[PDB]
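Asks: Data: target16.txt, compact mmCIF, C-alpha atoms.
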# COMPACT_ATOMS: atom_id res chain seq x y z
CA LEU N 12 6.71 -12.00 -10.45
CA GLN N 13 8.98 -13.32 -7.72
CA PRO N 14 7.70 -13.04 -4.16
CA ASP N 15 9.40 -10.20 -2.24
CA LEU N 16 12.29 -10.84 0.17
CA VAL N 17 10.61 -9.95 3.50
CA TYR N 18 6.96 -10.98 3.05
CA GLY N 19 7.35 -13.49 0.21
CA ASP N 20 4.50 -11.73 -1.56
CA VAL N 21 4.11 -11.02 -5.29
CA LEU N 22 1.76 -8.05 -4.89
CA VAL N 23 4.51 -6.41 -2.81
CA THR N 24 6.98 -7.02 -5.65
CA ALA N 25 4.63 -5.42 -8.20
CA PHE N 26 4.31 -2.36 -5.95
CA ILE N 27 8.05 -2.12 -5.46
CA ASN N 28 8.29 -2.19 -9.28
CA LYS N 29 5.88 0.77 -9.42
CA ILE N 30 7.85 2.75 -6.84
CA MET N 31 11.05 1.89 -8.74
CA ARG N 32 12.78 4.32 -11.10
CA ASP N 33 16.13 4.12 -12.94
CA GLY N 34 15.90 0.37 -12.39
CA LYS N 35 16.97 0.80 -8.78
CA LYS N 36 15.05 -2.04 -7.10
CA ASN N 37 17.54 -1.53 -4.28
CA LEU N 38 16.20 1.89 -3.27
CA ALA N 39 12.59 0.97 -4.13
CA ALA N 40 12.53 -2.03 -1.75
CA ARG N 41 14.05 0.01 1.08
CA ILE N 42 11.42 2.70 0.45
CA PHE N 43 8.58 0.18 0.68
CA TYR N 44 9.84 -1.64 3.81
CA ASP N 45 10.49 1.73 5.52
CA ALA N 46 6.91 2.73 4.67
CA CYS N 47 5.84 -0.54 6.30
CA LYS N 48 7.89 0.32 9.39
CA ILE N 49 6.19 3.70 9.50
CA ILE N 50 2.78 2.05 9.25
CA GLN N 51 3.52 -0.34 12.12
CA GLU N 52 5.10 2.33 14.35
CA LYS N 53 2.16 4.68 13.73
CA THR N 54 -0.75 2.19 13.83
CA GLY N 55 0.62 -0.84 15.62
CA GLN N 56 -1.03 -2.88 12.86
CA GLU N 57 0.73 -5.40 10.63
CA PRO N 58 1.86 -3.32 7.61
CA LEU N 59 1.36 -6.20 5.15
CA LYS N 60 -2.34 -6.34 6.06
CA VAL N 61 -2.62 -2.55 5.68
CA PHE N 62 -0.89 -2.59 2.29
CA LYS N 63 -3.21 -5.34 1.01
CA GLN N 64 -6.37 -3.62 2.25
CA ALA N 65 -5.18 -0.37 0.63
CA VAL N 66 -4.77 -2.13 -2.73
CA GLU N 67 -8.13 -3.90 -2.46
CA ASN N 68 -9.94 -0.60 -1.75
CA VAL N 69 -8.43 1.09 -4.81
CA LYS N 70 -9.29 -1.73 -7.24
CA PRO N 71 -11.78 -0.56 -9.89
CA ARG N 72 -14.46 -3.07 -10.90
CA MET N 73 -15.92 -1.10 -13.82
CA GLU N 74 -14.43 1.64 -16.01
CA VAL N 75 -15.02 3.66 -19.18
CA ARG N 76 -12.05 2.33 -21.11
CA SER N 77 -10.25 4.39 -23.76
CA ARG N 78 -9.75 2.28 -26.88
CA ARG N 79 -8.79 2.96 -30.46
CA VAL N 80 -10.81 1.01 -33.01
CA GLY N 81 -10.35 1.31 -36.77
CA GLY N 82 -8.30 4.47 -36.39
CA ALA N 83 -10.79 6.24 -34.11
CA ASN N 84 -10.77 6.84 -30.38
CA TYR N 85 -13.66 5.43 -28.36
CA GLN N 86 -14.73 5.23 -24.70
CA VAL N 87 -16.19 1.85 -23.83
CA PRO N 88 -17.95 1.03 -20.53
CA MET N 89 -16.69 -2.37 -19.35
CA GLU N 90 -15.68 -4.57 -16.44
CA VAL N 91 -12.05 -4.51 -15.35
CA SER N 92 -10.08 -7.76 -15.56
CA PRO N 93 -8.42 -8.84 -12.30
CA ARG N 94 -5.03 -8.14 -13.99
CA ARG N 95 -5.95 -4.58 -14.84
CA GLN N 96 -7.58 -4.10 -11.42
CA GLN N 97 -4.16 -4.57 -9.83
CA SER N 98 -2.23 -2.45 -12.34
CA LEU N 99 -4.74 0.37 -11.95
CA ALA N 100 -4.76 0.02 -8.12
CA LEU N 101 -0.95 0.18 -7.87
CA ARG N 102 -0.74 2.99 -10.44
CA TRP N 103 -3.22 5.22 -8.57
CA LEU N 104 -1.63 4.47 -5.20
CA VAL N 105 1.79 5.60 -6.49
CA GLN N 106 0.31 8.58 -8.40
CA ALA N 107 -1.43 9.85 -5.26
CA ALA N 108 1.52 9.24 -2.94
CA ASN N 109 3.63 11.07 -5.52
CA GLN N 110 1.63 14.23 -4.84
CA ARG N 111 1.66 13.94 -1.05
CA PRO N 112 3.33 16.89 0.77
CA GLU N 113 6.04 14.94 2.67
CA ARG N 114 9.72 15.05 1.73
CA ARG N 115 10.48 11.35 2.19
CA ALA N 116 9.01 8.93 -0.36
CA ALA N 117 8.57 6.28 2.33
CA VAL N 118 6.48 8.72 4.37
CA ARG N 119 4.32 9.73 1.37
CA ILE N 120 3.74 6.06 0.61
CA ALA N 121 2.93 5.13 4.24
CA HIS N 122 0.44 8.00 4.47
CA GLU N 123 -1.29 7.12 1.19
CA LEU N 124 -1.51 3.41 2.13
CA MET N 125 -3.00 4.14 5.55
CA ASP N 126 -5.61 6.45 4.01
CA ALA N 127 -6.58 3.99 1.29
CA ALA N 128 -6.84 1.09 3.78
CA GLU N 129 -9.35 3.25 5.70
CA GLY N 130 -11.21 3.89 2.44
CA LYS N 131 -10.06 7.51 1.99
CA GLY N 132 -7.52 9.50 -0.03
CA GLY N 133 -7.03 10.37 -3.70
CA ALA N 134 -6.36 6.84 -4.94
CA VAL N 135 -9.66 5.62 -3.49
CA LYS N 136 -11.40 8.76 -4.81
CA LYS N 137 -10.03 8.05 -8.31
CA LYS N 138 -11.43 4.51 -8.16
CA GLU N 139 -14.84 5.84 -7.04
CA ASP N 140 -14.88 8.43 -9.86
CA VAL N 141 -13.92 5.77 -12.43
CA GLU N 142 -16.68 3.38 -11.31
CA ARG N 143 -19.15 6.28 -11.13
CA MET N 144 -18.36 7.27 -14.72
CA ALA N 145 -18.79 3.67 -15.84
CA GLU N 146 -22.11 3.30 -14.01
CA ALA N 152 -27.24 10.06 -22.48
CA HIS N 153 -27.45 12.89 -25.00
CA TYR N 154 -25.16 15.79 -24.14
CA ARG N 155 -22.81 14.03 -21.80
CA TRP N 156 -22.06 15.62 -18.45
Spell out the structure here as structure tokens.

Replies:
Amino acid sequence: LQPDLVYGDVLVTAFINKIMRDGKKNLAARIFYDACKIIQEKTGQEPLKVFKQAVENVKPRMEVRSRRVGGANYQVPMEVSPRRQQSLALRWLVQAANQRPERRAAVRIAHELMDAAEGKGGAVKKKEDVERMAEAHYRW
């Protein structure tokens, strides 16, 4: 990936690609930088640092991976590659923000990022559940 325009960061670009729909990088980028503005205005913190901490806190280290082998579906406990840690982290961040109550996407994103950076919210909860599952007889 190419580093983003404002922060010259590739993780930002991958997130903007997640937020993107209809191939409108134009709108996506504006959405992300507005979210950043909202973070700064509301916290006084540097939004890039908040975004990065949010992503780090949502990164799963272990997971029960769904995999098809020889025509059958299996669930394999395993460590998550750094590549997949990022894809899962960005996916869950966007999925959670997508269900936030606010009308503006930038606001939903800013609110999800701030929560995750503080170690709370649905994205972080998903990560915790995934690692918990990865770490019997009748399975519960």

Asks: Every residue with an atom at most 9 Å from (4.4, -6.9, 7.1) (file coordinates; all atoms listed in the file) is what I'm after, so could you write them as a tab-separated table (two decimals) with C-alpha atoms, keeping the file's coordinate frame?

Replies:
chain	number	residue	atom	x	y	z
N	17	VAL	CA	10.61	-9.95	3.50
N	18	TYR	CA	6.96	-10.98	3.05
N	44	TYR	CA	9.84	-1.64	3.81
N	47	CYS	CA	5.84	-0.54	6.30
N	48	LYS	CA	7.89	0.32	9.39
N	51	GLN	CA	3.52	-0.34	12.12
N	56	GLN	CA	-1.03	-2.88	12.86
N	57	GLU	CA	0.73	-5.40	10.63
N	58	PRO	CA	1.86	-3.32	7.61
N	59	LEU	CA	1.36	-6.20	5.15
N	60	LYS	CA	-2.34	-6.34	6.06
N	61	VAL	CA	-2.62	-2.55	5.68
N	62	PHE	CA	-0.89	-2.59	2.29

Asks: For each of N:31, N:142, N:122, N:15, take the minimum atom-to-atom distance to residue 73 in chain N, counting only C-alpha atoms, then give the residue where this is smallest.

Replies: N:142

Asks: How far is it from CA of residue 138 in chain N to CA of residue 67 in chain N, in Å with one decimal?

Replies: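 That distance, rounded to one decimal, is 10.7 Å.
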
Asks: Separation of CA of residue 25 in chain N and CA of residue 78 in chain N, in Å?

Replies: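 Between these atoms lies a distance of 24.8 Å.
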
Asks: For residue 132 in chain N, find every residue with an atom within 9 Å (counting all atoms listed in the file), except residues of its own chain fewer than 6 positions away, and show them as a VMD selection string.

Replies: chain N and resid 107 123 to 126

Asks: Could you give me, as a short mmCIF file (atom, residue, chain, number, x, y, z; two decimals) with C-alpha atoms, in the coordinates of the input, the residues within 12 Å of range 112-115 of chain N, counting all atoms listed in the file and dropping anything in the same chain fewer than 2 positions from it?

Replies:
data_model
loop_
_atom_site.label_atom_id
_atom_site.label_comp_id
_atom_site.auth_asym_id
_atom_site.auth_seq_id
_atom_site.Cartn_x
_atom_site.Cartn_y
_atom_site.Cartn_z
CA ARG N 41 14.05 0.01 1.08
CA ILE N 42 11.42 2.70 0.45
CA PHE N 43 8.58 0.18 0.68
CA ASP N 45 10.49 1.73 5.52
CA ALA N 46 6.91 2.73 4.67
CA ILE N 49 6.19 3.70 9.50
CA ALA N 107 -1.43 9.85 -5.26
CA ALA N 108 1.52 9.24 -2.94
CA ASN N 109 3.63 11.07 -5.52
CA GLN N 110 1.63 14.23 -4.84
CA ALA N 117 8.57 6.28 2.33
CA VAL N 118 6.48 8.72 4.37
CA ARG N 119 4.32 9.73 1.37
CA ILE N 120 3.74 6.06 0.61
CA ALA N 121 2.93 5.13 4.24
CA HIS N 122 0.44 8.00 4.47
CA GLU N 123 -1.29 7.12 1.19
#

Asks: Mind completing range 65-89 of chain N with N, CA and C atoms? Output as a PDB file, in the coordinates of the input, please?

Replies:
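Contents of the output file result15.pdb:
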ATOM      1  N   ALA N  65      -5.289  -1.602   1.399  1.00  0.00           N
ATOM      2  CA  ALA N  65      -5.180  -0.370   0.630  1.00  0.00           C
ATOM      3  C   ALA N  65      -5.372  -0.672  -0.857  1.00  0.00           C
ATOM      4  N   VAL N  66      -4.684  -1.705  -1.336  1.00  0.00           N
ATOM      5  CA  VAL N  66      -4.770  -2.130  -2.730  1.00  0.00           C
ATOM      6  C   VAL N  66      -6.177  -2.588  -3.091  1.00  0.00           C
ATOM      7  N   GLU N  67      -6.776  -3.404  -2.233  1.00  0.00           N
ATOM      8  CA  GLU N  67      -8.130  -3.900  -2.460  1.00  0.00           C
ATOM      9  C   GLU N  67      -9.158  -2.765  -2.575  1.00  0.00           C
ATOM     10  N   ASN N  68      -9.020  -1.738  -1.741  1.00  0.00           N
ATOM     11  CA  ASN N  68      -9.940  -0.600  -1.750  1.00  0.00           C
ATOM     12  C   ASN N  68      -9.780   0.346  -2.929  1.00  0.00           C
ATOM     13  N   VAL N  69      -8.678   0.224  -3.657  1.00  0.00           N
ATOM     14  CA  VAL N  69      -8.430   1.090  -4.810  1.00  0.00           C
ATOM     15  C   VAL N  69      -8.727   0.376  -6.130  1.00  0.00           C
ATOM     16  N   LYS N  70      -8.983  -0.926  -6.056  1.00  0.00           N
ATOM     17  CA  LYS N  70      -9.290  -1.730  -7.240  1.00  0.00           C
ATOM     18  C   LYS N  70     -10.614  -1.384  -7.917  1.00  0.00           C
ATOM     19  N   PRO N  71     -10.555  -0.905  -9.167  1.00  0.00           N
ATOM     20  CA  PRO N  71     -11.780  -0.560  -9.890  1.00  0.00           C
ATOM     21  C   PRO N  71     -12.417  -1.815 -10.487  1.00  0.00           C
ATOM     22  N   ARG N  72     -13.737  -1.921 -10.367  1.00  0.00           N
ATOM     23  CA  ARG N  72     -14.460  -3.070 -10.900  1.00  0.00           C
ATOM     24  C   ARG N  72     -15.037  -2.806 -12.289  1.00  0.00           C
ATOM     25  N   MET N  73     -15.368  -1.544 -12.541  1.00  0.00           N
ATOM     26  CA  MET N  73     -15.920  -1.100 -13.820  1.00  0.00           C
ATOM     27  C   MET N  73     -15.151   0.155 -14.188  1.00  0.00           C
ATOM     28  N   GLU N  74     -15.100   0.450 -15.486  1.00  0.00           N
ATOM     29  CA  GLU N  74     -14.430   1.640 -16.010  1.00  0.00           C
ATOM     30  C   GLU N  74     -14.905   1.974 -17.423  1.00  0.00           C
ATOM     31  N   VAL N  75     -14.687   3.219 -17.825  1.00  0.00           N
ATOM     32  CA  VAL N  75     -15.020   3.660 -19.180  1.00  0.00           C
ATOM     33  C   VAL N  75     -13.633   3.639 -19.808  1.00  0.00           C
ATOM     34  N   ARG N  76     -13.341   2.541 -20.483  1.00  0.00           N
ATOM     35  CA  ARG N  76     -12.050   2.330 -21.110  1.00  0.00           C
ATOM     36  C   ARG N  76     -11.813   3.049 -22.435  1.00  0.00           C
ATOM     37  N   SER N  77     -10.650   3.684 -22.543  1.00  0.00           N
ATOM     38  CA  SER N  77     -10.250   4.390 -23.760  1.00  0.00           C
ATOM     39  C   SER N  77      -9.661   3.355 -24.704  1.00  0.00           C
ATOM     40  N   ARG N  78     -10.251   3.231 -25.889  1.00  0.00           N
ATOM     41  CA  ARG N  78      -9.750   2.280 -26.880  1.00  0.00           C
ATOM     42  C   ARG N  78      -9.854   2.796 -28.299  1.00  0.00           C
ATOM     43  N   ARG N  79      -8.806   2.543 -29.075  1.00  0.00           N
ATOM     44  CA  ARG N  79      -8.790   2.960 -30.460  1.00  0.00           C
ATOM     45  C   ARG N  79      -9.252   1.797 -31.330  1.00  0.00           C
ATOM     46  N   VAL N  80     -10.282   2.036 -32.134  1.00  0.00           N
ATOM     47  CA  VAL N  80     -10.810   1.010 -33.010  1.00  0.00           C
ATOM     48  C   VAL N  80     -10.952   1.553 -34.431  1.00  0.00           C
ATOM     49  N   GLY N  81     -10.286   0.898 -35.383  1.00  0.00           N
ATOM     50  CA  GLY N  81     -10.350   1.310 -36.770  1.00  0.00           C
ATOM     51  C   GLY N  81      -9.869   2.732 -37.004  1.00  0.00           C
ATOM     52  N   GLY N  82      -8.852   3.134 -36.249  1.00  0.00           N
ATOM     53  CA  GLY N  82      -8.300   4.470 -36.390  1.00  0.00           C
ATOM     54  C   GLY N  82      -9.030   5.569 -35.642  1.00  0.00           C
ATOM     55  N   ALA N  83     -10.055   5.222 -34.865  1.00  0.00           N
ATOM     56  CA  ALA N  83     -10.790   6.240 -34.110  1.00  0.00           C
ATOM     57  C   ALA N  83     -10.780   5.940 -32.626  1.00  0.00           C
ATOM     58  N   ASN N  84     -10.798   6.994 -31.825  1.00  0.00           N
ATOM     59  CA  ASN N  84     -10.770   6.840 -30.380  1.00  0.00           C
ATOM     60  C   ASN N  84     -12.161   6.767 -29.773  1.00  0.00           C
ATOM     61  N   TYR N  85     -12.388   5.687 -29.026  1.00  0.00           N
ATOM     62  CA  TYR N  85     -13.660   5.430 -28.360  1.00  0.00           C
ATOM     63  C   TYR N  85     -13.510   5.241 -26.848  1.00  0.00           C
ATOM     64  N   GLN N  86     -14.638   5.385 -26.150  1.00  0.00           N
ATOM     65  CA  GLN N  86     -14.730   5.230 -24.700  1.00  0.00           C
ATOM     66  C   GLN N  86     -15.796   4.168 -24.435  1.00  0.00           C
ATOM     67  N   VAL N  87     -15.327   2.992 -24.057  1.00  0.00           N
ATOM     68  CA  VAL N  87     -16.190   1.850 -23.830  1.00  0.00           C
ATOM     69  C   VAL N  87     -16.388   1.464 -22.370  1.00  0.00           C
ATOM     70  N   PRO N  88     -17.655   1.415 -21.916  1.00  0.00           N
ATOM     71  CA  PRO N  88     -17.950   1.030 -20.530  1.00  0.00           C
ATOM     72  C   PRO N  88     -17.670  -0.480 -20.474  1.00  0.00           C
ATOM     73  N   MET N  89     -16.989  -0.944 -19.437  1.00  0.00           N
ATOM     74  CA  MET N  89     -16.690  -2.370 -19.350  1.00  0.00           C
ATOM     75  C   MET N  89     -16.132  -2.761 -17.991  1.00  0.00           C
TER      76      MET N  89
END
